[PDB]
Every structure is written in C-alpha cells, then in structure tokens.
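The structure under discussion appears below in the form of structure tokens.
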Protein chains: 2
Amino acid sequence: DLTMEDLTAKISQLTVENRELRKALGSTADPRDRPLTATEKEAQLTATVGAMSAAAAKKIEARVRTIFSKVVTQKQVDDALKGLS
Amino acid sequence: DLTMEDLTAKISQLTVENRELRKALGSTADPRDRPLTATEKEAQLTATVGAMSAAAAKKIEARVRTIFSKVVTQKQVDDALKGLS
C-alpha cells in the first residue's frame with residue numbers, strides 16, 4: 001500500500017546497519033580492515049589494470065615480432081596477421 | 001673441417017643474394033609484390049601490437065572490474081588480486 005515509504009524505510013534500516021558495520025571495521029587492530037572509499041577503490045583498480053595491460057602489451061609485442069621477423073613482403077604480412085587470428 | 005670462415009663465407013653469399021633478390025622484387029610489375037622497407041614493416045608491426053594491446057586492455061579492465069565489484073576493504077582487495085597476479 002505504502003510501497004514508496006517502505007522502500008525508503010528499507011534504505012534507512014540498511015543505512016544504519018551499513019555504518020554499524022563500518023564502525024566495527026574501524027574498531028579492529030588491523031588497518032587493512034578499513035572500508036575503501038569509491039575513489040580509493042577506483043585508483044587501485046586503475047593501477048591494477050595499468051600493470052596487467054603493460055604486461056599483456058609486453059608479451060603481445062614479443063609474440064607478433066616472432067611472426068613478423070620472417071615476412072619480407074605485403075602478401076606475407078597478411079598471412080601472418082591471419083595466422084594471428 | 002668447419003672453420004669460422006666457412007660460416008662467414010656462407011653468410012656473405014646469402015646477404016649478396018638477398019640484396020639481389022630484393023632489387024629484383026623491387027622492379028616487379030605488381031606494386032604489392034615489392035618488399036617492405038625496414039620502417040614500413042616496423043610501422044605495421046607496432047600498429048598490429050597497438051591494436052591487439054588495446055583490445056587486450058578492454059578484456060583486462062572489464063575482468064578486473066567484476067573482481068572489484070565484490071570487495072570493500074583493503075584486505076579483500078589484496079586477496080582478490082592474489083590469484084590474478
């Protein structure tokens with residue numbers, strides 16, 4: 001009947017519990033138990049993607065240099081690229 | 001029996017023959033049969049790398065995101081990155 005207000009009250013109950021969890025995670029002796037903000041979580045995600053992407057770019061360049069070293073002409077590049085597919 | 005001069009004599013014979021075969025290939029009728037130059041081959045090489053590296057970066061980023069979608073604390077992040085180094 002009062003569906004809107006029930007969903008709002010659901011957020012209120014989920015919000016108070018949400019912070020009661022955060023206050024308990026700050027009461028532990030381990031600093032690494034702190035909940036990360038969405039900003040810090042994105043910075044560590046971006047740095048993680050950047051590291052693995054650089055690692056993937058390293059192996060990819062060596063892999064296709066292996067196939068390109070044999071080619072000398074146009075047609076041969078295409079068959080090497082098709083060999084990469 | 002097998003001296004060093006034997007190897008360098010064969011190396012010279014192949015270099016002078018490869019120089020000639022290129023000059024013949026460079027004088028062919030069809031322009032697509034001409035051998036690629038060193039920079040042209042290198043330019044198409046990095047172009048192939050950069051294309052695959054960009055596509056690999058997308059799969060890496062979307063993969064890291066679905067892993068970060070189930071973490072909150074610094075301890076959870078460190079354990080989520082432990083399997084996927």
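Chain identifiers are assigned as A, B, and so on, following the order in which chains appear in the structure tokens; residues are numbered from 1 within each chain, and ligands are numbered from 1 in order of appearance.
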
Within 6 Å of chain B: each chain A residue with its shortest pair, only C-alpha atoms, as a Markdown table:
```
| residue | atom | partner | partner_atom | distance |
| --- | --- | --- | --- | --- |
| A:32 | CA | B:74 | CA | 5.0 |
| A:33 | CA | B:73 | CA | 5.6 |
| A:34 | CA | B:73 | CA | 5.5 |
| A:35 | CA | B:73 | CA | 4.2 |
| A:36 | CA | B:73 | CA | 5.3 |
| A:49 | CA | B:61 | CA | 5.6 |
| A:53 | CA | B:57 | CA | 5.3 |
| A:57 | CA | B:53 | CA | 5.2 |
| A:61 | CA | B:49 | CA | 5.6 |
| A:72 | CA | B:35 | CA | 5.5 |
| A:73 | CA | B:35 | CA | 4.4 |
| A:74 | CA | B:32 | CA | 5.9 |
```

Kindly save the residues from that selection, with N, CA and C atoms included, as a PDB file, in the first residue's frame.
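Wrote it out as again_17.pdb, contents follow:
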```pdb
ATOM      1  N   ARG A  32      44.216  -2.618   7.521  1.00  0.00           N
ATOM      2  CA  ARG A  32      43.728  -3.105   6.237  1.00  0.00           C
ATOM      3  C   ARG A  32      42.263  -3.530   6.274  1.00  0.00           C
ATOM      4  N   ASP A  33      41.629  -3.537   7.447  1.00  0.00           N
ATOM      5  CA  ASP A  33      40.200  -3.805   7.556  1.00  0.00           C
ATOM      6  C   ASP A  33      39.344  -2.577   7.273  1.00  0.00           C
ATOM      7  N   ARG A  34      39.959  -1.418   7.045  1.00  0.00           N
ATOM      8  CA  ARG A  34      39.200  -0.209   6.763  1.00  0.00           C
ATOM      9  C   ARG A  34      38.463  -0.345   5.430  1.00  0.00           C
ATOM     10  N   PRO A  35      37.185   0.029   5.373  1.00  0.00           N
ATOM     11  CA  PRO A  35      36.472   0.006   4.089  1.00  0.00           C
ATOM     12  C   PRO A  35      36.972   1.113   3.171  1.00  0.00           C
ATOM     13  N   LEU A  36      37.343   0.733   1.950  1.00  0.00           N
ATOM     14  CA  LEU A  36      37.845   1.689   0.973  1.00  0.00           C
ATOM     15  C   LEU A  36      36.709   2.524   0.400  1.00  0.00           C
ATOM     16  N   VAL A  49      44.767  -2.431 -13.516  1.00  0.00           N
ATOM     17  CA  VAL A  49      44.571  -2.596 -14.955  1.00  0.00           C
ATOM     18  C   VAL A  49      45.801  -2.122 -15.719  1.00  0.00           C
ATOM     19  N   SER A  53      47.876  -4.578 -18.156  1.00  0.00           N
ATOM     20  CA  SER A  53      47.846  -4.178 -19.560  1.00  0.00           C
ATOM     21  C   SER A  53      49.253  -3.959 -20.101  1.00  0.00           C
ATOM     22  N   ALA A  57      50.837  -6.094 -22.985  1.00  0.00           N
ATOM     23  CA  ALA A  57      51.451  -5.431 -24.131  1.00  0.00           C
ATOM     24  C   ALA A  57      52.882  -5.903 -24.350  1.00  0.00           C
ATOM     25  N   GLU A  61      53.815  -7.913 -27.916  1.00  0.00           N
ATOM     26  CA  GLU A  61      54.807  -7.389 -28.847  1.00  0.00           C
ATOM     27  C   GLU A  61      55.845  -8.446 -29.195  1.00  0.00           C
ATOM     28  N   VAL A  72      58.845 -10.587 -45.518  1.00  0.00           N
ATOM     29  CA  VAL A  72      59.594  -9.558 -46.223  1.00  0.00           C
ATOM     30  C   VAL A  72      58.628  -8.779 -47.112  1.00  0.00           C
ATOM     31  N   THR A  73      57.542  -9.402 -47.569  1.00  0.00           N
ATOM     32  CA  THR A  73      56.613  -8.714 -48.477  1.00  0.00           C
ATOM     33  C   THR A  73      55.191  -8.456 -47.960  1.00  0.00           C
ATOM     34  N   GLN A  74      54.311  -7.895 -48.813  1.00  0.00           N
ATOM     35  CA  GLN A  74      52.944  -7.493 -48.478  1.00  0.00           C
ATOM     36  C   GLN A  74      52.071  -8.702 -48.157  1.00  0.00           C
TER      37      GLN A  74
END
```

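Once chain B is fitted to chain A over the full set of C-alpha atoms, matched in order, the RMSD stands at 2.7 Å.
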
> Which of stretch 5-71 of chain B counts as helix (DSSP H, G or I) under DSSP, as a PyMOL selection string please?
Replying inline: chain B and resi 5-25+31-33+38-68

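For the atom pair formed by atom CA of residue A:83 and atom CA of residue A:70, the distance is 12.7 Å, given to one decimal.
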
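Interatomic distance, atom CA of residue A:8 against atom CA of residue A:27: 29.0 Å.
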
> In Å, how far is it from atom CA of residue B:66 to atom CA of residue B:80?
Replying inline: 10.7 Å
